[PDB]
């Protein structure tokens, strides 16, 4: 494997308003680092989808979230 960022300004653009807010929201859960490193970068699947969607929005319905990763990630 190799490090990377599954979130990209592109879907992050749509995500910015849709998901990114969720991250801005999840920010309350954690203190720091995990929110920033999981808000809009390498965040998409690993963090912002594990933490924000997997527990807040869609604990399972990451389906169309996986597609978004096509652009975001």
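The table for this structure:
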item	result
Matching residues, the range 57-73, being surrounded by fewer than 14 Cβ atoms within 10 Å (Cβ to Cβ) and not in a helix (DSSP H, G or I)	59, 60, 61
Subset tally (residues that are assigned to a helix (DSSP H, G or I) and either surrounded by fewer than 18 Cβ atoms within 10 Å (Cβ to Cβ) or in contact with a strand residue (DSSP E or B) (Cβ under 7 Å, 6 or more places away or on another chain) (or both)) for the range 40-53	2
Scope the range 1-34; condition in contact (Cβ under 8 Å) with a residue 40 or more places away in the chain, part of a loop (DSSP other than H, G, I, E, B) and surrounded by 15 or more Cβ atoms within 10 Å (Cβ to Cβ); matching residues	5, 6, 7, 8
So residue 37, is it touching a residue at least 40 places away in the same chain (Cβ under 8 Å), surrounded by 13 or more Cβ atoms within 10 Å (Cβ to Cβ), in contact with a helix residue (DSSP H, G or I) (Cβ under 8 Å, 6 or more places away or on another chain) and assigned to a loop (DSSP other than H, G, I, E, B)	no
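Virtual Cβ from ideal backbone geometry, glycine too; neighbours counted across all protein chains shown. A short reminder: the numbers here are calculations on the coordinates, not readings from a lab.
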